[PDB]
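Residue numbers (the authors' numbering), protein chains in the order written: chain C, 1 to 127; chain H, 2804 to 2856.
Report on the structure given below.
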């Protein structure tokens, strides 16, 4: 029902910034469709973990505590993208970052609440 | 949004951020004005940690 493709990962020095993007498309998708888009990240040796989410219709946002103030999530409902600005990056932010979406309101901040997934983009923060 | 506006000007003049960092934090303020206070707080932390030695 929605297709997602994420991009923007790469190699960055500690303290640096990167911006990820996720292109959203769907046959019945519109500017106030009641969807939730999020970013998850999978660090080395770890499972996918919640980073941030945005309600597509209202643009209300929520962040994992570990990224609050350093990362911002936003969405453009003309171009149909969701972006993640990442500042003040640290080696522990190294991970594969995935765009994800749900057609509705998540009941958790876990992977099980999101039924659509991007393929992932790889972020490496060197020191 | 006044929290957004004064935060923008503070970040602009932080002396120990480089251009890429300043520009990234400014973009965050545009991305999510609801996080202005937290974005400013993290810029301050980076400005402090990058104080020249």
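Note that beta-carbon positions come from the ideal geometry of N, C-alpha and C, so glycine has one too.
Range of the contiguous alpha helix (DSSP H) that encloses residue 25 of chain C: Element bounds for residue 25 of chain C: not the alpha helix (DSSP H) but the beta strand (DSSP E), 18-25.
Chain C within 9 Å of residue 2848 of chain H, Cβ atoms only: yes
Collapsed DSSP secondary structure at residue 62 of chain C in the structure displayed: strand
Backbone CA spacing between residue 2851 of chain H and residue 22 of chain C [nearest angstrom]: 33 Å
Between the CA atoms of residue 33 of chain C and residue 17 of chain C - distance to the nearest angstrom: 31 Å
Unbroken beta strand (DSSP E) run spanning residue 73 of chain C, endpoints: 71-76
Interface partners of residue 2823 of chain H on chain C, CB under 7 Å: 16 and 17
Residue 54 of chain C - partner residues in DSSP beta bridges: C/37 and C/61
Rounded straight-line distance, which links the Cα of residue 47 of chain C to that of residue 99 of chain C: 15 Å
Collapsed DSSP secondary structure at residue 2 of chain C in the structure displayed: coil
Proximity below 9 Å, CB of residue 97 of chain C to CB of residue 6 of chain C: yes
Inter-residue Cα distance where the pair is residue 126 of chain C and residue 78 of chain C: 35 Å
beta-carbon residue 2804 of chain H near the ligand MG non-hydrogen atom, thresh 8 Å: This structure simply doesn't include the ligand MG, nor any ligand for that matter.
Straight-line Cα distance separating residue 71 of chain C from residue 2855 of chain H: 25 Å
Within-9 Å CB hit, residue 71 of chain C to chain H: yes
Contact with chain H by residue 77 of chain C, beta-carbon distance below 9 Å: no
Selected residue, minimal CA-CA separation from residue 133 of chain C, among C/95, C/44 and C/109: Nothing can be reported for residue 133 of chain C: it is not among the residues displayed for chain C, which extend from 1 to 127.
The beta strand (DSSP E) enclosing residue 100 of chain C, as first and last residue numbers: 95-102
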